[PDB]
C-alpha cells in the first residue's frame, strides 16, 4: 500500500513489541545477520573478536536499536508525507557507512535479518501485510541512504 495508515499502524505496533525486549531482539538480529553473511562480522566493532554474539553488550543494543527505529520512523514518514526526507542524520549516516566499508550489496543482508527478526518478535500476529510494510519502509529508506553514501564518497 506504499503505506496506508493501516500498514503504518502495524509497523508501529511491531516496533513497540521489538523495543519491549531490546536485549533479546538485538541479540537475535545479529545472529540472523551472521547466519545470512558470516563475513559481515568483521564490519562491527562490538563483534570482531568474539566467539558468539554477545548477549548484554550496550554498544550492540544501541546500534540495532537505532537501525530498527529509523526504519520505523521511515514507515511513518512515507505514510504521512509520501516520501523519505533526507536530513542531517541520514547524510552523517551516509558518511559513517562509507568509512566502515558498507557497500550497496550489503543492504539485502540487513533487510532479510530485519524481516526475520520482526517475524520472531510478533509470533502468531505475523501477516503478509506486516512483511510488505517493513519491506517498503526498508527499501525507501535504503534508497535515500545509498544516495548519501554515493554522495559521502
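What we label the rigid core is the largest C-alpha set whose atoms superpose within 1.5 Å from one form to the other. Numbering follows the first chain given and starts at 1.
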Report task. Just give me the stretch that moves more in 8 other deposited structures of this protein: 108 to 116 or 23 to 31, judged by RMS C-alpha distance after a core fit. Result -> 23 to 31
Query - Positional deviation of Cα atoms in 8 other deposited structures of this protein after core superposition, greater for 66 to 74 or 121 to 129 - result: 121 to 129
Query - Of 56 to 64 and 40 to 48, the stretch whose C-alpha atoms average the higher B-factor in the entry - result: 40 to 48
Query raised in the report: Got a sec? Mean C-alpha B-factor, which is higher, 9 to 17 or 130 to 138?
Result: 9 to 17
Requested in this report: Comparing against every modelled residue in the chain, figure out the third that the C-alpha B-factor of residue 111 lands in (lowest, middle or highest).
Outcome: lowest
Query - B-factor third for the C-alpha atom of residue 91 within its chain - result: highest
**Report entry** Ranked C-alpha temperature factor of residue 118 among modelled chain residues, by third
**Finding:** middle
Query - CA B-factor ranking of residue 98, expressed as a third of its chain - result: highest
